[PDB]
Every structure is written in C-alpha cells, then in structure tokens.
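First, one chain by itself: the form deposited in one PDB entry, in structure tokens.
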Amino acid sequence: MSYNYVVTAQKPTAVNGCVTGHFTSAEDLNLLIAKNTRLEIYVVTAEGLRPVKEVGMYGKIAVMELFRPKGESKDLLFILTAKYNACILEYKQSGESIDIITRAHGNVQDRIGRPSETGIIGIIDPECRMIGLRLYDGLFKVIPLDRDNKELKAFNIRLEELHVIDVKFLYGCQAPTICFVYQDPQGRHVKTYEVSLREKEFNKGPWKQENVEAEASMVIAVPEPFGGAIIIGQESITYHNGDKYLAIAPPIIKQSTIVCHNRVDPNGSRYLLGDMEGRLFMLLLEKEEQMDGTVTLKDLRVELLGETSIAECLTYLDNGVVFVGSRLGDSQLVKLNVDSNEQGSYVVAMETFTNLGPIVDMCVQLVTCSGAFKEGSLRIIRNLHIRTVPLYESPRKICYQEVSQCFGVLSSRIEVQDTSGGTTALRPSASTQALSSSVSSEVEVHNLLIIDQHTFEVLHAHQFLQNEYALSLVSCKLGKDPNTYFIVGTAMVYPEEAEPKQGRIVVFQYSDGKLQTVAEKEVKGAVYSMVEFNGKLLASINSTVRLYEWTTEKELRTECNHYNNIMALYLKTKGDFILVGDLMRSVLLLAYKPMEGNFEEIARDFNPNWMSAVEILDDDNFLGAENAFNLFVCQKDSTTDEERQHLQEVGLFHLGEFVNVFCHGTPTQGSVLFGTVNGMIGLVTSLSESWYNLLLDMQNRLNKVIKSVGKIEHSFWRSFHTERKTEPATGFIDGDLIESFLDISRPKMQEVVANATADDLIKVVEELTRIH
C-alpha cells in the first residue's frame, strides 16, 4: 500500500482574474485578484495597493464578480469554482476582527450536460435581478437573486444555440436581457433574449439577430446612456443597439487577437483592450447628446497605447494606473500618460509582480523554463529567492551539463513571411543575440541554446532546419564513450500535414564556445521524449518506444522496440524498469531484459487517463498527473501472470493544478518536486503506514475546527474528480491543511488534539514544515 504527502513550496503566481469594486467598505476601492485557488483582497490607498487579506478557497476560482443588490451598504462577492461550488460572500470587519460571511452557497453542477468549449461563463444582471451561468452546451442556468426566501431555487433554460462564444447581461433593460455571440454552420451571429423568472423561459430579445465576423470572440455590455453591446473580432469592432449598428475595421488590430477588456469610464466612453502580443489599445466611444436628453454613440476609434505583459486581464484603478493581470508573463502596474516617450509609447511600467508560470520544464536549487513568447524566461529558485533571466522567446526544455558548466535550453521564436526572401524576426531574443551561432546542415524557428551556468549569458545558439521543431533534450554519456553530449529529438512540421512522419536524433558536443554535430539519426516520426538508460538512449517516436546503442563508430544503432502505445509522450526509468506515459492511454511499465536484448511489457494501468506528467516514486510506486488536475499512484498488484500485468490505482487526490514536470530533488521519505502551468511549485513525499494514519486523523479533526469560505467541504475539494467519476481522496495527505495547525490559536489546538497533547503535534507539524 502507498501513502503520500503533498505540500506547496510556491503558491500559484499566474493571475486568472481581477475585479474592482467596494467590498471591504462602501468607501474603499478594492482590487480582488484570483490566482487559481487564491483570492487576494487589496485597498487602493494613497501608497498604492494595501493588502488586507488573502483567502485560500477549497476550489479553482472560475467566476469572480462583485454585485450590489438593493438594500446592501457595500458590494457582495459571487464566486463559482471549477467543481461548481457557488457562493455569495460578505466582508465584515469589527474593529480588529476580519470575517468573510457566506450569505448563500450550494453546488450548481448538472449530471447531464457537457462542459462548453469557451468554458464557464458567470454574469450578473445590472439591476441584480439574477445570476446567469453558461456551464454546459444547450443550457443557460439562472440563479434568482431574492433576499426574502430560504433557498435560491436555480433553474435551466434550453438554449437552441449550442455553441455560444461569449454572453453578457445588457444595461438599461426593463426585462433582464442576455446578449451573446454564437456559432453555427452559417457562421457567427449576435442574438438577444429576455429572461423571464416568472415563466422560467426566454422571450424575444430587444433587438434583431445580426451576422458577425467569423472570429467575433467577445461581448462588452456598454452602460447607460449608450446601452447596447460591443463585439470584438480579429479584424473588426462593431456596436449594436436595436436600430443602431456601427462597424470599424482598423488595420492596427489585424495582427493579433484581442483577448481582454476593461471599462475605464463608468459611462463606458473608454475601454482598454489587451491582445496576445501584449499590445494595449484604447477603444473610444464618441458620444452625441440628443435634444430629448438621451445620448447616442456617433463613432468608434481605436488608439495603440503601447506594450504591457501579455494580459489575461486588465483593471483600471485610479489616476491613470492600470493593473495588468498576466498568465504567460509577469503581472504589472502601468501608468497611462498623455505624452509619449522616446519610442512613442504612452504606457510606462510602475511595478512588476513575478510569475513563474507556465513552468514547461525544470532542473535541480530549482531552474525552470518559464513563461511563453516575448515573456519567455528562466527562473532560478532557492531558499524563496528568485532570479529571472529574460529570453524574449519561448523556452521549451532544459538540461544541465556539469562538465561544460552550462545549460542546454531548447527555444522557439516567431518569425514573419515578408515581401523578399524567407522570414524575419519581429523582436530580438536569446537565439538571435548569442556570442556565437551555427545553423543545421508567422513561423516557429527552433534553437538549442548553450547558456553559461554562472552569468546565464547566451554562449551559443544552434538553429535547427526550416520547419524543424525540437521536442526533447538530454545531456549524458553513452556506451564506453568518455564524452558528454547534448542530444536533441526533433520533428518536421509542415504547413500541409497534421502529424509528424519525419524527425531526427541529433548528437551535439559543446567545445570551445561552439556546438559540433557528432551524429544524426533519421526517424519516421516525432522524438517526443529521451532518457539516458544504462549507457543507452531510450527514445519515444510517435507510438513506439525504442532503445538505441551508441557504437564505437559514433552511430546510434536500434536495439529493441515496444509498439503498443498511442502517443508515448513521457518516459521515466529506474534500473531496468521504464514508466511510459501516454497522452490518451494512461501509464504502463516495461522492463528491459539484459539477457534477451528486448523489452517486456510488465503491467499497465487499465484506467482511462489523459496524462500530463509521470514519475517513478520507487521500484513499486508510480505517480501520475492528468488533464483533470488530479494525482494518482499506481502499484504492481501484490498468483497469475494476468494479475501481475495489472497496475492498481492505490492513491487518488485532486490537486487543482496542471503538472507539466516532475523531478526528484525521519518523517517523510523521498522528494519529488513538480512544476505547474499556474507557476505553483509543489512537493510529493512518501509516508509510513503509522505516519499516514496519525496525519489522516489530524486532517479529520482539523476539518471540524477550520472553517471554509463558501462552506465547501475539504473532502469534496480533494475528491478525485473527472467527467467520468468522482471518488474520495485516498492514500494522500494534504500537507497545506496539516501545516495550518501551527497557525490556529492554542485553545483551538487542544480541541483538535482532544483524546496526544498539543506540544506532541506541534513538534510533528514543525518537522514536516522543514521538508520545503
């Protein structure tokens, strides 16, 4: 049996959402930041952003909206988690005491219904008549906001439009009205429906359905006096309001997709727009006062403000200060000013907030491949001290070569098809600014970077072939050859085909500041993963795992193959044992048979799992991380050949993060570090039967004392969950929960340890805090 302990070394750093409003007090202008499970509450003060409280929710924050129903002195908060836990929260301060009140809560999951492509959408009516949720295709959930009733009886309305892109509640409406963009075989369209609480149905919307741009992706509900809606596409921006229809096709927006917006002015005269390249625009709604008192929209205009971090979200604060919430790079505070600088930009960075995510690969001190595109960096983490090395391109894989005192980093840069010749770089980056460079004998240009272990200076950049993608990387010694090499696994990616049918294994040696090609081996697919395996090279090509021998003639010679795979994306080895991770087909264990010079399929996990990362804990325990944000531990079944050929899932735990990399690096045994998409860094370790038993009893006791915001059960949160099944967590201890025992008051500690002393457990929890 397997017993494990999971703890957080570094909390998620990517920002998934940010809202402004008056939550703490009617006077305070607040900033609320959502970092997966984390909710940060701030007061916009004279000094700029005063932290008040950070609350960890027992769920992944999917909806975060402030709303003020009539009769409230301050805004209430609506939160919906990824596991569909819905709550309405109220902030209460009594002198020095701070408490978050759960006004209403419940689970709004439907057993039927398939999760939507553009995901969970949570919208609140401007007049606070109801909450609207788009969770599944074909259904629209309505939570009536009524304060004079025991329960908020939520119902579903059928939506004929099964593919909705975005939806919002309109302003200035006598009847609650939803405005949405949907897709059908005839293209994209914009439609409106009135929502009837009385009849539990939709009624004909105020205005006519209109056809829109094929890539129309977002709806902005414009407040009064304008009213109506703004729809943002790839090439155009349109305004709709009954009879009114304005359309602008500014060439400035064509290059990159707009992915976020924020209302600057309360009347919606100005909006901030953020795109995929990090560009910041100002959308201007020019008004015209009518003689009858009403105000109509005369024209739309877009102006490029400058560049910020690639924004996931934007929030205007006060006095030209804007918060840039980034997912792929560092978050910022930026200042907007009327007079342009040396480059002509109106955007000036005021502060930078370190974001480790996405951690695509890492090394063990921890060294990660962080961020993406212009935000791409390396992050060096130690006891936490963080050093950031900008690359201005996407780092993909990392390896350390001790003998060369450097790191091998695979990277990709974006180049554009110009008038003359081939392609040209749009921005200088690590691969184009190396000390020396070589070449192999919009588009992605792949490179192997040799970066100095001390200064992190780009010593050499080796550019791979036209259309060649570098997928895997290893630094090792092979056979009886004394040399240490940088080995790269590639794939030929053409703009005609879908799957790679060609690739290479390239053996490089770094000497005298240059990279020399020692050997090349052609393969008939993508080299997804490579591991050094007992002085041999273990590589996975498409659906085949292959073992190569390195000859005295400096050539790779195929020894054996295993073909029973769908997509062998992940490889890990311990001794003669191989743990293969499949993107679609769960995990499997192989054994190399020295005597037979071939592989033997030992056992497979017959469970359906879409894998993201795999690790070998020990000879008998295998750790898996999948697409549904869960961890699971496989074990060899401890009489018949078929019984031994079946891996058993003995550990289940809902992590709440997407793990891209696992690496190894008395109470607990073993130390496996993991890097996630949200920049969270965690640690997994093994426990004895008796250590697990004591810590499990401690969790059940802690859960009776520690209260949850939104009243989400800890057990529900950590329950293994997929679209297929929901099961209670097993053989896993939440280190975060047990560590929180040291933070509760002494009178509460005694009630937790009631029939063991508080000091017995204090000594236990304190030695557990020393594992990270």
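Note that the rigid core is defined as the largest set of C-alphas that superpose within 1.5 Å between two forms. From 1 onward, residues are counted along the sequence shown.
Chemist: Tell whether, across the other compared PDB entries, at least a third have no coordinates for residue 97.
Modeler: Residue 97: modelled in every other compared entry.
Chemist: Hey, does residue 666 show up as a hole in at least a third of the other compared models?
Modeler: That residue is missing from at least a third of the other compared entries.
Chemist: Pick one of none, 1 to 3, 4 to 9 or 10 or more for the number of deposited-sequence residues not modelled between residue 665 and residue 666.
Modeler: The entry has 10 or more unmodelled residues between residue 665 and residue 666.
Chemist: Count up the deposited residues without coordinates from residue 441 to residue 442 and drop the result into none, 1 to 3, 4 to 9, or 10 or more.
Modeler: 10 or more residues are missing.
Chemist: Between 218-226 and 242-250, which has the larger average Cα B-factor in the PDB entry?
Modeler: That would be 242-250.
Chemist: Mind pulling up the entry and telling me whether 513-521 or 192-200 has the higher mean Cα temperature factor?
Modeler: Comparing 513-521 with 192-200, the higher average CA B-factor belongs to 513-521.
Chemist: With respect to the C-alpha temperature factors reported in the PDB entry, which of 233, 274, 187, 408 ranks highest?
Modeler: Checking the PDB record, the top C-alpha B-factor among 233, 274, 187, 408 is at 408.
Chemist: Among 147, 374, 105, 270, where is the Cα temperature factor highest, going by the PDB entry?
Modeler: Each of 147, 374, 105, 270 was compared by C-alpha B-factor; the highest is 147.
Chemist: Among all modelled residues of this chain, ranked by Cα B factor, put residue 678 in the bottom, middle or top third, i.e. lowest, middle or highest.
Modeler: Answer is lowest: the recorded C-alpha B-factor places it there.
Chemist: Among the chain's modelled residues, which third holds the C-alpha B-factor of residue 51?
Modeler: As the PDB entry reports it, the C-alpha B-factor of residue 51 lands in the highest third of its chain.
Chemist: Going by the recorded CA B-factors, say which third of the chain residue 608 sits in, lowest, middle or highest.
Modeler: For residue 608, the deposited C-alpha B-factor lands in the lowest third.
Chemist: Divide the modelled residues of the chain into thirds by Cα B-factor and specify which third, lowest, middle or highest, holds residue 59.
Modeler: Answer is lowest: the recorded C-alpha B-factor places it there.
Chemist: Using the B-factors in the PDB entry, rank residue 626's C-alpha atom against the chain and give the third, lowest, middle or highest.
Modeler: Bottom third by C-alpha B-factor.
Although it is not shown, the form deposited in another entry is what the next lines describe.
Chemist: Let me spell it out: fit the two forms on their rigid core, measure each listed C-alpha, and pick the one of 559, 277, 286, 351 that moves 2 Å or more between the shown form and the other one. Which is it?
Modeler: Flagged residue: 559.
Chemist: Relative to the superposed rigid core, does the CA atom of residue 45 travel 2 Å or more between the shown form and the other one?
Modeler: Superposed on the core, residue 45 moves its C-alpha 2 Å or more between the shown form and the other one.
Chemist: For residue 688, state whether the C-alpha moves by 2 Å or more between the shown form and the other one after rigid core superposition.
Modeler: After core superposition, the displacement of the residue 688 C-alpha between the shown form and the other one stays below 2 Å, so no.
Chemist: With both forms fitted on the core, give yes or no for whether the Cα of residue 225 moves by 2 angstroms or more between the shown form and the other one.
Modeler: The answer is no; the displacement is under 2 Å.
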